[PDB]
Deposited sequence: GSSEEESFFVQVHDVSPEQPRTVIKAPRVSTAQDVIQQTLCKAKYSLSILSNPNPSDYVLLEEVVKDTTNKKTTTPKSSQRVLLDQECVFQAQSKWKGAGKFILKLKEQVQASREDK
């Protein structure tokens, strides 16, 4: 009950997806850092390894999909628990958003 599983999408060109086991207390920044560790040998990641340069986007199907950028310090487990809604988290550079 202390952890949950998150799949993160669009991580790098050579590693599209990863599943990680994160503490339920984890912020978006905490999950981003775990993901960057998993993809740490991807060339795009060696190039830009700082988690503060990234966001997680959530995309959720309605009841068409909506998207929303998570705040850096927002609880990922809280966001996932609110989905209405089949959903996914997408890693993006802040500069792309």
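- Sequence ranges 1-4, 68-76, 111-117 have no coordinates in this entry (deposited sequence, numbered from 1, C-alpha basis).
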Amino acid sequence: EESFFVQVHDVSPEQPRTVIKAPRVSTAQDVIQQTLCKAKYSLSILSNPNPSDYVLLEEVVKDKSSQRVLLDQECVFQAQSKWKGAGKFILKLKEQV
From here on, numbers count along this sequence of modelled residues.
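- Look at the C-alpha B-factors of 6-14 and of 81-89. On average they run higher in 81-89.
- Averaged over Cα atoms, the B-factor as recorded in the entry is higher for 66-74 than for the other of 66-74 and 31-39.
- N48: CA B factor lies in the highest third for its chain, per the PDB record.
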